[PDB]
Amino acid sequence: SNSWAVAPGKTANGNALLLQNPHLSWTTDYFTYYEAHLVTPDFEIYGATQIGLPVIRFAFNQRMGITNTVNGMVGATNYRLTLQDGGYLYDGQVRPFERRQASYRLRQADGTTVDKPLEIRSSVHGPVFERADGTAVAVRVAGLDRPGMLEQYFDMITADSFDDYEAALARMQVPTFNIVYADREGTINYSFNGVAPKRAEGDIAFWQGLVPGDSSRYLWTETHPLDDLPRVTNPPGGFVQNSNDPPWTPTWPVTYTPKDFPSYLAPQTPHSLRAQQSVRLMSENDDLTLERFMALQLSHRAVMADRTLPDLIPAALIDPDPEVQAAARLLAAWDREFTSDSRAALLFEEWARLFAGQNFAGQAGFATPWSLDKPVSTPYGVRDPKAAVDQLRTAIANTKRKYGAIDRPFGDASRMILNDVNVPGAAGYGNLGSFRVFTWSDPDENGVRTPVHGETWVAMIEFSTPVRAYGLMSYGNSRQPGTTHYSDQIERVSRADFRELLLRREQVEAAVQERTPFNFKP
């Protein structure tokens, strides 16, 4: 997911801009987004949210809006228990489990149910599970006493002012997520939000692994308030951003560093090349219009080719294999953009799968390692060019096997297909540098692949008066069988032809195609 908010001073017209841009699976049911507009005499909210949620997480209106990305807030601990004498060892002594006999019904092939017993054991830590390998793990989830998640979001997205927004946020009822805010009064804000246990030792990796379950040393009981968490408001650089990177370059220049916070809140890992592009696209551009803001959102640069091709190509041209030499010349002539008509992109992906791993996040191949001192220009270079040329040899073979050739057009293999709509793909993998993301599936027998994940809901809002906003939903607004509203936006997505989002009553009345009178009698 990506998220941008831009302050009035960084724009041409003087109105803040917001990008909503979550990346989730295109198939997983509970991750499916839905767009809607709710209006009463006392509030108005427009935007998207996961199905089954009664409040809009990606919301905006005439005054303000927010967006979200995953931050991985470590709100739970998995504890390894030491079992002994029917109990578990804890502070020197054996301690018996709480145990409860529950049961549930299980549907049978013949349509009947049978009653199945289920023991539920807990230690002081929490409920106990047994892994296949025999490890007894107790899971301790924070924030189980925070009933107001939905209402917090509801009050945040209907806030009359930034102060009311912050006060709602400060309730700590929403247990995770980076949350970015902007409004027509000119305020922008980034918050690394969640419910994080207060701990007296251990960095994030320690608390992400199995923590010893035999001592009160590691049994946390309190959680941090909002003002202990990384936050940025109206910074000198005039924007905030997050593209799932750790919260250490949410703006530029920065306003804090990792030392300023406990080491268990967020990782200090290298920022993805997409996250590096997020920072560059905002920082290097001034006098932004909504139109330019939108154009920048479509960025689809093979940044990793920028970091590796200078070293890889000459090394590859030294190789006696004429096919490797030809692969090198094809890559050398590529403009390093993931366009539909690129003949080199698929081959470059296959090389990168080996150089940087199947997720493209590997660092060991680089000559110059990532550094927070050069957070948008590292890592860089090819450490061992001879090895990397061998990887290219293998990649050539992989590319031919998957796609039929080393120079099949990107948009001919990469398609977006919903029902009977089949359109050319562009952009791609985030970890290669593409800001606009389409996490292409493995190809079928004919070398055709489609997005498993990536752009879903995309909206860009200028908080002018009235507001102006544009958006698309990759997979439509309906997934019910027979709907005409599943495949009806993907062609527009293939051309980045965004819909004007219609908030004013007169616009809605002009666009209406169906009217459902209702009434609610409690």
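Heads up: residue numbers just count along the shown sequence, starting at 1.
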> Which has the higher mean CA temperature factor in the PDB entry, 81 to 89 or 410 to 418?
Replying inline: 81 to 89
> Mean C-alpha B factor from the entry: is it higher for 115 to 123 or for 136 to 144?
Replying inline: 115 to 123
> Out of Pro212, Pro451, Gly238, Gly430, which shows the largest CA B-factor listed in the entry?
Replying inline: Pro212
>> So if I compare the CA B-factors in the entry for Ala182, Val174, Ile318, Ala275, which one is the largest?
In response: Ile318
>> Can you tell me whether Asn71 has a C-alpha B-factor in the lowest, middle or highest third compared with the other modelled residues of the same chain?
In response: lowest
> Ranked by Cα temperature factor within the chain, is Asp42 in the lowest third, the middle third or the highest third?
Replying inline: highest
>> Per the entry's values, where does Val254 land by CA temperature factor relative to the rest of its chain, in the lowest, middle or highest third?
In response: middle
>> Looking at the temperature factor on the CA atom of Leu19, which third of the chain's modelled residues does it land in?
In response: lowest
> If you rank the chain by CA B-factor, which third does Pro385 end up in: lowest, middle or highest?
Replying inline: highest
